[PDB]
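Taken one at a time, structure 1 and structure 2 that follow are two forms of one protein chain, written as structure tokens.
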Structure 1
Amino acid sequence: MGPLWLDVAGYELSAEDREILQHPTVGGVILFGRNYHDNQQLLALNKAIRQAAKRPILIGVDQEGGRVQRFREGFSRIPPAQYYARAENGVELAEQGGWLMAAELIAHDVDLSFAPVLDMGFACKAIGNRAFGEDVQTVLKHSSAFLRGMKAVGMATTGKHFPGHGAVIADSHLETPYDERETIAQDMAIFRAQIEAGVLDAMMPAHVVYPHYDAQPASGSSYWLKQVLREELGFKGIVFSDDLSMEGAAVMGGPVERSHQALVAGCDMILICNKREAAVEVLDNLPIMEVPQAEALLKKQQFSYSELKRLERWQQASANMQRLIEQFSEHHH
């Protein structure tokens, strides 16, 4: 596995896709809604991806629940992460949500969901009800349960967006938001806790500048990714970059330079989404490096959707998640 996560255009692989996936710089494919038509098509696509790579390759997706669920039709709907804490039995429900989400992905030959969100609060429009709560303890109580669910079925976990994206409430009018708070201790406490617990296999940093701490976005900052994340907090897992196709070239250079800089800053792996031309430029021009420790993120269990549906745990979780959505969704009222 190499450092690069890239994506494909549609429901099946093109000839170019099959060629690219063999490249040693590729480590993973991130799937989007545009790669999902139906359950059988998804299984076929994932088989094809793994066959084309001719070595282990990660298949990942943003499948959080609520506003962020790429595969919906023919899957169980998972609620916004916010909903668990709104119910009296929120800890049990959060575990069910994590388990169900992860299990259905595993059953369709996906390695991992980029989850959970450990951001604090609902006031950042991009985050909102993706957060488990608005205070440290509510977020920890419910995210920990969600994590336990994911781990129960052998899915690797990813905390995001380190050191916390919950309070980005102003618009910088630039490509990189700023969070101007003099202290983000509460936000970081959540990440510290989950790292110490040993329950995060990976971390995605925030593309956010925290000027009272450091001048660079966390996702491109040695301060955040090395000094804090590694040395102070003792994180031993995989660090993913921000989506590099998002970064402008006027300051950061072209996609090859941006990839290099992310890796030097402390990322293990880099993401280039929705920009095939950039991904190919990086494959064509980035010196080859291996990320063997990424193999830790490969899913640990194998089962089919038929098998999953025969489990009481599935029958209950699916019913309970639909009911939880119905309890708090404005759409269902």
Structure 2
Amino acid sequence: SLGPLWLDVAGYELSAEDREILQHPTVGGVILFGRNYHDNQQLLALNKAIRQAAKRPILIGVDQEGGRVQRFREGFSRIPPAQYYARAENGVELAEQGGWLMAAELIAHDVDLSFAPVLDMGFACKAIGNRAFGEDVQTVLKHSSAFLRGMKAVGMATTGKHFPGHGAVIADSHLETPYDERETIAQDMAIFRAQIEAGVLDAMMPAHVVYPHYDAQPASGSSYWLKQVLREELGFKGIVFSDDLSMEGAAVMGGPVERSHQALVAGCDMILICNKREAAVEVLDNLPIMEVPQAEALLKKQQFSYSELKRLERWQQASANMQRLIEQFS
């Protein structure tokens, strides 16, 4: 946890190469993907090996939102798209069950966190779509707050995304980066403001999106968005993640070291390099050695097995209810 860099590994088992890189002090976390997941026991063994190799505490994360974004499916409870909760008569009750269930099952497999929830507003952006909890401020706040309560209940740190709002993003040929040209994104940012003020977000992941009325840089590499707005105007005190620095579609920001430097200078606490071991190594070989002690707040607060979890009536009911919810609106 102590170093700023999150990286990833090639497959189902840790390689000798992986074990060495995990000991580099600049490393703070491992992000897992579908390619790292075969089955429950293999996942437990992988995470055990990551923790053994690291020696010191290290973060293990995954994108596990439900619906279209659920990396670990086989042998896990299926979690619905975030959109479904508000379509039910007891959406707030069910959203809390979804957040609790998703989180509990990750903790049972030795994962610290999921990069969730989505706080984006509306379904019109193809990349977001039914990953959003609703189409208006109240609906998003109501159901995302519930989902957050569920995650917190089992001791999982929360991550709001994609700040300052990905709900209305366009990614055609007008600009070289996905963009939102609205003169005001007040409604979208109001959601983030409300959740920051309620004190329920441990971390934030910014959008790799340009908001040209506001600033030239994608929010994820923007000193305006990540310092002036997120810290000074909104008062956020948690961890700021970068976007995946292995990609920058405009291709104007230089190599991985330059991109990493800009994310840190812009206001990111931790940086992510996915799918590109050679880029991660270049960053490791060149970045100053730094520590992110405040990131220890992201380590999970509970430990239990999947067997133990299943003895809870809470699990029995949540898992059954999530299946019924999926069947209801699919």
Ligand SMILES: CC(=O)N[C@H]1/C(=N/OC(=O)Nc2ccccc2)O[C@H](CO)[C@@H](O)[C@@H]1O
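Residue indices: 1-based, along structure 1. Just so we're on the same page, rigid core means the largest C-alpha set that superposes within 1.5 Å between forms.
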| item | value |
| --- | --- |
| Correct structure when looking for the form deposited with the ligand bound | 1 |
| Residue showing a 2 Å-or-more C-alpha displacement between the two structures once the rigid core is overlaid, selected from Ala250, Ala126, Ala185, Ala197 | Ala250 |
| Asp109 C-alpha relocation of at least 2 Å between the two structures, rigid core basis | no |
| Yes/no, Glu175 Cα shift of 2 Å or more between the two structures with rigid core fixed | yes |
| Cα displacement of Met150 between the two structures, core-superposed (Å) | 0.1 |
